[PDB]
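Beneath this line is the structure, given in structure tokens, with notes to follow.
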Amino acid sequence: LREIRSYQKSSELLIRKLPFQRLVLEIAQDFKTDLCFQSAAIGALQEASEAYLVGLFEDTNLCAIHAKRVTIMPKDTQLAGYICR
Amino acid sequence: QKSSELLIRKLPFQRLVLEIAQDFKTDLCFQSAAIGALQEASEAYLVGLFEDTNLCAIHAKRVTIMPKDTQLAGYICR
Amino acid sequence: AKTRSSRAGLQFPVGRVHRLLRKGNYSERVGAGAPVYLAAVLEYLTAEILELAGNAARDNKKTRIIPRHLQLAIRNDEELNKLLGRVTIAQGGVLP
Amino acid sequence: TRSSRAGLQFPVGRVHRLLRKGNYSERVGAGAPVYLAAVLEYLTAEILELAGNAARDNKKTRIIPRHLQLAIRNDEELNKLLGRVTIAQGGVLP
Amino acid sequence: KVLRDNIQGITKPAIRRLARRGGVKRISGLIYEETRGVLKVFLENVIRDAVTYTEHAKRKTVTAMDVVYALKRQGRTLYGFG
Amino acid sequence: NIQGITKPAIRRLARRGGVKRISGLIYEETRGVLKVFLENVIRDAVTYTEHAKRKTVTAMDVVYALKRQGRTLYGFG
Amino acid sequence: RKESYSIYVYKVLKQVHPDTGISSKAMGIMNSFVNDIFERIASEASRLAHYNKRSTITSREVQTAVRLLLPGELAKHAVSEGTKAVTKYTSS
Amino acid sequence: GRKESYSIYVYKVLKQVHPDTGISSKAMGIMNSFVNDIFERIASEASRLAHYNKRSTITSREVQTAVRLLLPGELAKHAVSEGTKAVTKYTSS
DNA sequence: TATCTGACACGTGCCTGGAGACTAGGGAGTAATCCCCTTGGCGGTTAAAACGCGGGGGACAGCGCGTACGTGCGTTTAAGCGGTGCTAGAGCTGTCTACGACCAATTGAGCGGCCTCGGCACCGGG
DNA sequence: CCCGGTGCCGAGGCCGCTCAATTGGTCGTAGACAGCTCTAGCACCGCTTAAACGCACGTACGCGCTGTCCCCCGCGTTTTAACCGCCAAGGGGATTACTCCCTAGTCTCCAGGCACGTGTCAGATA
């Protein structure tokens, strides 16, 4: 609750930068070797991914609340992904 | 399900469409094809809605869809 | 063969595609090979979807394809379904 | 100018150069850029009104992304318009 | 000629058949009114856009293509009507 | 590689998303989901880039890729 | 050499909230938002033109496109001010 | 009043694939609308690519990249293969 | 199950979109250069994360009771067919002309640097 | 932290260079308007019967409750790499200039496409 209010109040990014950058680069390497990413583009992916993720958890929480539970579960995320399409 | 024959009655649906349009701008005509297209779109949309509502109901371990389910589906559809 | 489609061994009308591209104001100029490529893609996709439609009709022992069959094919194939998952088919019905 | 002719702050000429360049149509009507510029002015005015209100409520004289995010998400119509929109550093509604 | 409350024209058995096609088995009574509301909202939205299209084209007759375009606005592309 | 998304990071994310209690499997599921989402966005961005015959993905590349996903991103020129 | 709407957004800011500033980061958001809305309306109007097989994007096209993209009351005010400005431009 | 449609070509492709199979008018109409829809979507994407790269012409390259974007993985790959093959075949003559 | 049939398939006739040749120009391919951002590597701090433990709030199961929904039967309503008759409006063509495209010529608005200044936070003492 | 002064640095004002907006005029034609025409829609009328409405019933499901058991949360402690700032260099994005090559445009030529007229079998009709 306190953490919920604290984080929802601010707009600082949550995922540590360098790890996320390494993730993005790993995926890109999987697609096509020796690509380069501007720090700006990695930041853009950071923002988009974090916002998307946040929305996903919002929907998952809605589903869990609907199911009378309080603890989200993989089932909830499956449902949120499915309905939204 | 096995078939595709329309499910909402034609004429009542037509009168519904006309009534709705009456609140936007009077004396508009509708090609029978337009009415048919609207009916098909509504049928598909409602079938999708009920599929999602059924998913939600199963999720809640219930069997009887309830308006709460519909609301949930509409909302998660963003 | 004077017709470009014949030149490319495609049943679709290359010339019509080119005319549409120019007339549809998608760009100022239209590459010579661009209509060719696009027509090839369109013919491929139509052939693909019709493959599954005909197979479904065979399963239904029907010589003629109908919207029911197209709906079936689109919904059953994962890829097409992803491509056309946001679509509605006249008298399409839905998968059981 | 032309914007002056219409009392709009937005660049009529700029909008006109864009309508032509972006190949949205063979030709472009004379009043079309005027109308479109006015519309853009109105929409930005509404966004900025709400942002300034939020900043005042937040005791800040300089607007920042979070303020825009709040303004957008709070107003029903705008939220409807920008529902698919994610704002850099936007944050989320409390 | 006047019109009235034709929303009820979507009778309970109609909605029940709809849901059945959707795979639903058991339906609460409260559903019917809610579904009627949702359908009304959906039609309001689509018809608003279709009528706008027509008005722009200086016509008095909503044509199927107009509804098709309106649906496309909603992102619900429709086939089989041109 | 992917596991760089620390459990606590997901916890913070969900907190911003309003969640209050989270099951253990949530972490792995979220990791996979985000992996898929990125895979998609980066595929599209890399394609945009390759078409431009460039070797360096650019912020605009990602912006368009998200635009295709119905994910308009504001604040990147 | 690059374009933007930043300065005009700033002028609007002074028009509406004389005593308020905006972060460059926020000005970027404002600029991209204007670009997005402009592009949406423009493409919408282009389709209106092609759809009725006219080659001219006249004010009428933009009016209907706005009436389509925006929600109800926002559209009402938008069309109001747009038509108003168009009239004035013709007046002078 | 002449009016365009791909019904003839769709019918031809049907003969190619399921030669012993007919098609209803409604199904043909659906196919016609489907072809128009994808044609339009690919053309729009190609146009946006052109204008993104500040290039004034839609060449084969743009359509290729557009197909790679719109279509899903396996379909995209197969279509790209088919398209490049057809372009090569055409340029050969 | 004929049969018929009209829905698909088939011929023919027209013609209109498509195709080929030539031109010219500007648009795109190429290279050459400039220089910036990108990576990469290190060391230092330290906040961030990783791990363990304890308990307890919450998920899950089971049970019991009530009741709202599915089923059926009988009764009622209007949806559908046709059918028939009228015309408002779509569509198509023909005419004119007001409006937009090009371009030549001029001007100051915008762009970017330059400076400067205090609002909001840095900074250095309480 | 506060706290007044710093400062700094992002806002904000100013400067000057300018190149894109403005303006004029011309010419073309897209678009406006009108006239005709012919369907496609509307209504209305009667009829039929299929569908819908309502009643009654009972029972399967929702819902509340309990009661367990255990999976997360919070805390503490220990480990880590994320961030940092620097610096080095170098790959490639940006910019420009130049060439040739492709495509719009035209004329000109004609045959596949499409409509319309016609035959005939897969499936609907009988």
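By convention here, the chains of the structure tokens are called A, B, ... in the order presented, each chain's residues are numbered starting at 1, and ligands are numbered starting at 1 in the order presented.
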Q) In chain F, what's helix (DSSP H, G or I) per DSSP? Answer as a count of residues only? A) 51
(Q) Give me the residues near range 15-29 of chain B as an MDAnalysis selection string, where near means some atom within 7 Å (using only C-alpha atoms (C1' of nucleotides)) and where sequence neighbours in that chain fewer than 4 positions away do not count. (A) (chainID B and resid 11) or (chainID E and resid 3:4 6:7 44 47 60:62)
Selected residues written out with N, CA and C atoms, as an mmCIF file, in the first residue's frame:
```
data_model
loop_
_atom_site.group_PDB
_atom_site.id
_atom_site.type_symbol
_atom_site.label_atom_id
_atom_site.label_comp_id
_atom_site.auth_asym_id
_atom_site.auth_seq_id
_atom_site.Cartn_x
_atom_site.Cartn_y
_atom_site.Cartn_z
ATOM 1 N N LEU B 11 -36.622 -7.232 -38.808
ATOM 2 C CA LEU B 11 -37.384 -5.988 -38.754
ATOM 3 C C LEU B 11 -37.222 -5.259 -37.431
ATOM 4 N N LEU E 3 -41.003 6.728 -33.809
ATOM 5 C CA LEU E 3 -40.483 5.442 -33.368
ATOM 6 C C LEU E 3 -40.333 5.471 -31.855
ATOM 7 N N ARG E 4 -40.320 4.290 -31.237
ATOM 8 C CA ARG E 4 -40.260 4.226 -29.783
ATOM 9 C C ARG E 4 -39.663 2.919 -29.280
ATOM 10 N N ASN E 6 -37.685 0.714 -29.474
ATOM 11 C CA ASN E 6 -37.497 -0.499 -30.253
ATOM 12 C C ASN E 6 -36.322 -1.315 -29.747
ATOM 13 N N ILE E 7 -35.619 -0.829 -28.725
ATOM 14 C CA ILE E 7 -34.534 -1.609 -28.142
ATOM 15 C C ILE E 7 -35.066 -2.935 -27.628
ATOM 16 N N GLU E 44 -25.013 3.347 -31.313
ATOM 17 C CA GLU E 44 -24.828 4.790 -31.286
ATOM 18 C C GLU E 44 -23.499 5.146 -31.916
ATOM 19 N N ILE E 47 -23.367 4.190 -35.898
ATOM 20 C CA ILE E 47 -24.264 5.033 -36.666
ATOM 21 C C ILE E 47 -23.854 6.492 -36.644
ATOM 22 N N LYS E 60 -28.719 11.520 -48.545
ATOM 23 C CA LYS E 60 -29.738 11.246 -47.551
ATOM 24 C C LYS E 60 -29.919 9.759 -47.304
ATOM 25 N N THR E 61 -29.077 8.924 -47.904
ATOM 26 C CA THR E 61 -29.238 7.482 -47.857
ATOM 27 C C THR E 61 -27.952 6.833 -47.384
ATOM 28 N N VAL E 62 -27.986 6.273 -46.185
ATOM 29 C CA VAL E 62 -26.848 5.559 -45.628
ATOM 30 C C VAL E 62 -26.628 4.302 -46.453
#
```
Q | 6 Å contact set for residue 63 in chain D, only C-alpha atoms (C1' of nucleotides), chain neighbours under 6 positions out, as a count of residues only | A | 3
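Around residue 65 in chain F, within 10 Å and counting only C-alpha atoms (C1' of nucleotides), the residues found are residues 40, 41, 42, 43, 44, 45, 46, 47, 48, 59, 71, 72 and 73 of chain F; 69 of chain H, once anything fewer than 6 positions away on its own chain is removed.
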Q.
Calculated over only C-alpha atoms, which of the candidates D:69, D:9, D:1, D:74 has the smallest distance to chain F?
A. D:69
Q. Rounded to one decimal in Å, what is the spacing between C1' of residue 86 in chain I and CA of residue 58 in chain E?
A. 24.3 Å
Q | Nearby residues (only C-alpha atoms (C1' of nucleotides)) at most 9 Å from residue 39 in chain F, same-chain spacing under 3 positions excluded, as JSON, numbers by chain | A | {"A": [24, 27, 28, 31], "F": [34, 35, 36, 42, 43, 44]}
Quick one: residues within 8 Å of range 46-60 of chain C, only C-alpha atoms (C1' of nucleotides), excluding same-chain residues fewer than 5 positions away - as a PDB file with N, CA and C atoms, in the first residue's frame?
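Once everything was written out, this is out_2.pdb:
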```pdb
ATOM      1  N   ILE C  65     -17.264 -23.067 -52.202  1.00  0.00           N
ATOM      2  CA  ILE C  65     -16.852 -22.408 -50.973  1.00  0.00           C
ATOM      3  C   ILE C  65     -17.890 -21.357 -50.609  1.00  0.00           C
ATOM      4  N   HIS C  69     -17.114 -21.501 -44.765  1.00  0.00           N
ATOM      5  CA  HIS C  69     -15.808 -22.115 -44.949  1.00  0.00           C
ATOM      6  C   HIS C  69     -14.683 -21.109 -44.776  1.00  0.00           C
ATOM      7  N   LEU C  70     -14.846 -19.898 -45.299  1.00  0.00           N
ATOM      8  CA  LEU C  70     -13.797 -18.898 -45.151  1.00  0.00           C
ATOM      9  C   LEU C  70     -13.573 -18.569 -43.685  1.00  0.00           C
ATOM     10  N   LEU C  72     -14.151 -20.530 -41.192  1.00  0.00           N
ATOM     11  CA  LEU C  72     -13.479 -21.679 -40.604  1.00  0.00           C
ATOM     12  C   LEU C  72     -11.987 -21.627 -40.884  1.00  0.00           C
ATOM     13  N   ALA C  73     -11.624 -21.410 -42.144  1.00  0.00           N
ATOM     14  CA  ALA C  73     -10.216 -21.421 -42.517  1.00  0.00           C
ATOM     15  C   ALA C  73      -9.458 -20.329 -41.784  1.00  0.00           C
ATOM     16  N   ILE C  74     -10.010 -19.120 -41.769  1.00  0.00           N
ATOM     17  CA  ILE C  74      -9.316 -18.006 -41.140  1.00  0.00           C
ATOM     18  C   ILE C  74      -9.129 -18.269 -39.655  1.00  0.00           C
ATOM     19  N   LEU C  80      -3.048 -16.670 -40.370  1.00  0.00           N
ATOM     20  CA  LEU C  80      -4.139 -15.882 -40.922  1.00  0.00           C
ATOM     21  C   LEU C  80      -5.001 -15.317 -39.810  1.00  0.00           C
TER      22      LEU C  80
ATOM     23  N   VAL H  10      -9.504 -14.164 -58.630  1.00  0.00           N
ATOM     24  CA  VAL H  10      -9.717 -15.088 -57.530  1.00  0.00           C
ATOM     25  C   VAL H  10     -10.209 -16.418 -58.065  1.00  0.00           C
ATOM     26  N   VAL H  13      -7.339 -18.336 -59.485  1.00  0.00           N
ATOM     27  CA  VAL H  13      -6.498 -18.924 -58.450  1.00  0.00           C
ATOM     28  C   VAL H  13      -7.181 -20.139 -57.850  1.00  0.00           C
ATOM     29  N   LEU H  14      -8.498 -20.065 -57.687  1.00  0.00           N
ATOM     30  CA  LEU H  14      -9.225 -21.222 -57.198  1.00  0.00           C
ATOM     31  C   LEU H  14      -9.069 -22.394 -58.145  1.00  0.00           C
ATOM     32  N   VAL H  17      -5.663 -23.950 -57.517  1.00  0.00           N
ATOM     33  CA  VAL H  17      -5.450 -24.631 -56.250  1.00  0.00           C
ATOM     34  C   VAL H  17      -6.398 -25.810 -56.067  1.00  0.00           C
ATOM     35  N   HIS H  18      -7.703 -25.567 -56.096  1.00  0.00           N
ATOM     36  CA  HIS H  18      -8.719 -26.602 -55.925  1.00  0.00           C
ATOM     37  C   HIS H  18      -9.523 -26.682 -57.213  1.00  0.00           C
ATOM     38  N   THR H  21     -13.303 -27.294 -57.556  1.00  0.00           N
ATOM     39  CA  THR H  21     -14.088 -26.665 -56.501  1.00  0.00           C
ATOM     40  C   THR H  21     -14.630 -25.336 -56.996  1.00  0.00           C
ATOM     41  N   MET H  31     -13.938 -12.566 -50.692  1.00  0.00           N
ATOM     42  CA  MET H  31     -12.559 -12.651 -51.147  1.00  0.00           C
ATOM     43  C   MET H  31     -12.123 -11.346 -51.789  1.00  0.00           C
ATOM     44  N   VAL H  35      -9.025  -9.003 -50.621  1.00  0.00           N
ATOM     45  CA  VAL H  35      -7.917  -8.586 -51.467  1.00  0.00           C
ATOM     46  C   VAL H  35      -7.777  -7.078 -51.432  1.00  0.00           C
TER      47      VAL H  35
END
```
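Closest to residue 61 in chain F among A:77, A:69, A:44, A:54 is A:44, based on only C-alpha atoms.
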